[PDB]
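An overview of the molecular structure
Each chain, written out:
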Amino acid sequence: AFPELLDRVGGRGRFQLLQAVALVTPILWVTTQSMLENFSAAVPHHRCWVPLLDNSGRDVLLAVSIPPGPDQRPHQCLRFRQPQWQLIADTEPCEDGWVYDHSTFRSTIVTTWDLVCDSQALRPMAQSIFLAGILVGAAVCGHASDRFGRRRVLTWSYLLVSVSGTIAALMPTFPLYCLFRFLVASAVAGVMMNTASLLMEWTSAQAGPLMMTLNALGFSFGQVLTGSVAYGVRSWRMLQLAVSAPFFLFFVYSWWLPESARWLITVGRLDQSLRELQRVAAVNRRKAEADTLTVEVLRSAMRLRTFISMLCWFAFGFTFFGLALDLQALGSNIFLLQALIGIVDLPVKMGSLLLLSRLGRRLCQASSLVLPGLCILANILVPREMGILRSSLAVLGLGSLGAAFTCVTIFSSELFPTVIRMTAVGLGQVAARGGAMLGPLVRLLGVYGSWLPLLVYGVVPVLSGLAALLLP
Ligand SMILES: O=C(O)CSc1nnc(Br)n1-c1ccc(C2CC2)c2ccccc12
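Residues numbered from 1 in each chain as written, not as in the entry; some residues may be left out. Heavy atoms only, no water.

Per the deposited record, cryo-EM is how this structure was determined, to a resolution of 3.68 Å.

You'll find the chain entered in the PDB entry as Solute carrier family 22 member 12, with Rattus norvegicus given as the organism. For this entry, the PDB title field holds "Cryo-EM structure of URAT1 in complex with lesinurad". Of the comments in the UniProt record for the chain, the one headed Subunit reads "Interacts with PDZK1." According to the UniProt record, the Subcellular location comment for the chain reads "Apical cell membrane". (UniProt positions renumbered as here; feature names shortened; annotations may be inferred.)

Here it is as structure tokens:
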């Protein structure tokens, strides 16, 4: 009887739009917390400290103390025991600290904790930890909202994000920074899950698509904000503070939004449900049918396809969250990137969807994985002088993976007995959040050659997409 009550109280109108506006400004700043590791953990050019240079012909002094490296650069991990003045065999690891290049970034976490050379694996692990935190928090919060309400959990998760972010920028050692970020990730996962549930709960008939696409396009405008606030704030201790502070301001105003009116009925909190419904009626201005509500009415109210879908989400997480958290290897000008991604994404997603869906439902699913995977794979062959070509195939490569998110959120999930779709979209997101933890771990394989990470990162989407043609 709840849909009839919702029709009696509103639908579309004013409040159902104010609520949407009030819970999407925070989803731009959840994508400034996830992809900040391209600007707060960026490896600059690091050389070895020398007593000759850098105080107790600059070019000759640099050439005599540091042996030449393989990639046409001074060595980043070794120095000469004694100035080899024979240069008009014996090398010792750096023992006086590195010297970094401060020309685009002032202080990253790499600069402050020396996560270079031998201690290199720790950098692709500080992201897998965060994704594991998101995975854990998206599973714990599921069993903590059906008993504590759907609005209180969001309000407290805002405060948790704010406090954990404001604390994580003031730690003196790596292990604690790898734990407070875990807490931030769990709270962020809770925020996203509850925002989606609240967005759908209050809306009927006009929500099947529109509502769950508004969360996914808040991410695309969020990237453009990461680029901008990093063009501006350049340090790393003043970036986490500036990103985590707005969540406290969101927490204060989050005390006025009404709670879900469908959860209040199944628990017996009829009186407050009535208060919430009448309050919503006044904002919606449809104060004509609301006189009907007199407690009693609310008292009466109180396999192959499945496997194909999971593989598709796994491939989005593995490839996107591994190749996008190192946009320093897909080209240059990191600030210009992370902003063209969303601007490409929205026109690309809309235009690709409109044209391809007319071919068929399976064709759109197939062409949204093989195309970006092949675009990424065809990036190795390009020589490192057509930057427009190497960067363009990267921008368009990563942007087109963002249309797989949409073409498997609404257009798909019908490939089942078709009762209701909130059965398997949930199980799909478990895979995508678990392929992201098994994500940047592939980037640990930069040794044994450097082409292999990109090769795997392009092959996996291609095989996953080509397996979708085997539906029967
Ligand atoms: O929880 C989920 O949404 C399922 S996978 C996941 N886990 N953490 C995050 Br953030 N994401 C994310 C899932 C999907 C997107 C699509 C391209 C627009 C994201 C874009 C930017 C940052 C994170 C994203």
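A closer look at the packing of helix α7 (residues 152–168) against helix α10 (residues 237–253)
The description of two helices packed together rests on the angle between their axes and the distance between the axes. With their axes 8 Å apart at the nearest point, α7 and α10 run at an angle of 155° to one another. As the angle between them shows, α7 and α10 are arranged roughly antiparallel. You can see that α7 and α10 cross each other, and the crossing is left-handed. Residues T155, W156, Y158, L159, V161, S162, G165 and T166 of α7 touch α10, and the partners they reach there are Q240, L241, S244, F247, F248, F250 and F251. Residues that form the contact of α7 with α10 fall into these classes: nine nonpolar, six polar and no charged. (Axes fitted to C-alpha atoms, helices over the stretch in contact; angles between N-to-C directions. Helix = DSSP H or I, 4+ residues; strand = E, 2+ residues; numbered from the N terminus. Parallel < 35°, antiparallel > 145°, perpendicular 65-115°, else oblique. Left-handed = near helix turned anticlockwise from the far one by under 90°. Contact = heavy atoms within 4.5 Å. Nonpolar A, V, L, I, M, F, W, Y, C, P; charged D, E, K, R; others polar.)

Structural notes on the nonpolar core
One finds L23, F130, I134, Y158, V188 and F247 to be the most contacted residues of the largest nonpolar core, which totals 25 residues. Listed by contribution, the elements that provide at least two residues to this core are α6 (125–140), α7, α8 (174–201) and α10. Of all the elements, α8 adds the most residues to this core, at eight residues. Non-local contacts of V188, meaning those with residues more than four positions away in its chain, are made with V30 and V161. Within the second largest apolar cluster, 19 residues are counted, among which are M35, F318, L401 and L454. (Core = buried A, V, L, I, M, F, W, Y, C linked by side-chain atoms within 4.5 Å. Buried < 20%, exposed > 50% of the residue type's maximum accessible area, 1.4 Å probe, protein only.)

Things to note about a nonpolar patch on the surface
Residues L377, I380, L381, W451 and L455 make up a contiguous nonpolar surface patch of about 470 Å² in total accessible area. Take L455: it is sitting in helix α20 (residues 451–467). By relative accessible area, which is 31% here, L455 ends up partly exposed. (Patch = residues over 30% accessible without salt bridge, like charges linked within 9 Å, V, L, I, M, F, W, Y side chains within 5 Å. Areas by Shrake-Rupley, 256 points an atom, 1.4 Å probe, with all protein chains shown as cover. Salt bridge = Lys/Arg side-chain N within 4 Å of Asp/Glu carboxyl O.)

Examining the domain arrangement of the chain
Here the domain parsing of the chain yields domain 1 (46–100) and domain 2 (303–472). Between domain 1 and domain 2, the C-alpha centre-to-centre distance is 42 Å. (Domains from an automatic or database assignment.)

Section: the packing of helix α17 (residues 370–377) against α20
Two elements in contact, α17 and α20, have axes separated by 8 Å at closest approach and are oriented at 155°. Taken together, α17 and α20 sit at an angle that is classed as roughly antiparallel. Crossing of α17 over α20 shows left-handed handedness. Contacts from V370, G373, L374, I376 and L377 in α17 reach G458, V459, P461, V462, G465 and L466 in α20. Its residues placed into classes, the contact of α17 with α20 shows eight nonpolar, three polar and no charged.

Points about the site of the ligand
Around the ligand lies a shell formed by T31, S34, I134, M192, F219, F316, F321, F405, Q429 and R433. At a separation of 3.0 Å, an oxygen atom of the ligand approaches a polar side-chain atom of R433. When contributions to the shell around the ligand are tallied by element, the ones reaching two or more residues are α3 (31–34), α14 (304–323) and α19 (424–437). Looking at the shell around the ligand, its residues break down into six nonpolar, three polar and one charged. (Near = heavy atom within 4 Å. Polar contact = N/O pair within 3.5 Å; in protein donor to acceptor, adjacent residues only side chain to side chain.)

Here we look at the packing of aromatic side chains
Throughout the structure, instances matching the rule amount to 22 aromatic pairs. Members of the aromatic cluster, connected to one another through ring pairs, are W313, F316, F320, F321 and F405. (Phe/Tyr/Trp six-rings, centres within 6.5 Å; stacked < 30°, edge-to-face > 60°.)

Notes on the state of the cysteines
Applying the stated criterion across every chain, the model contains two disulfides. What pairs with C77 in a disulfide is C117, and their sulfur atoms sit 2.0 Å apart. Among the residues examined, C77 registers a relative accessible area of 25% and is labelled partly exposed. With no disulfide of its own, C364 lies 3.5 Å from the sulfur of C407, the closest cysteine sulfur. Counting only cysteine sulfurs, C407 is the nearest neighbor of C375, a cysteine outside any disulfide, at a range of 17 Å. (Disulfide = S-S within 2.5 Å.)

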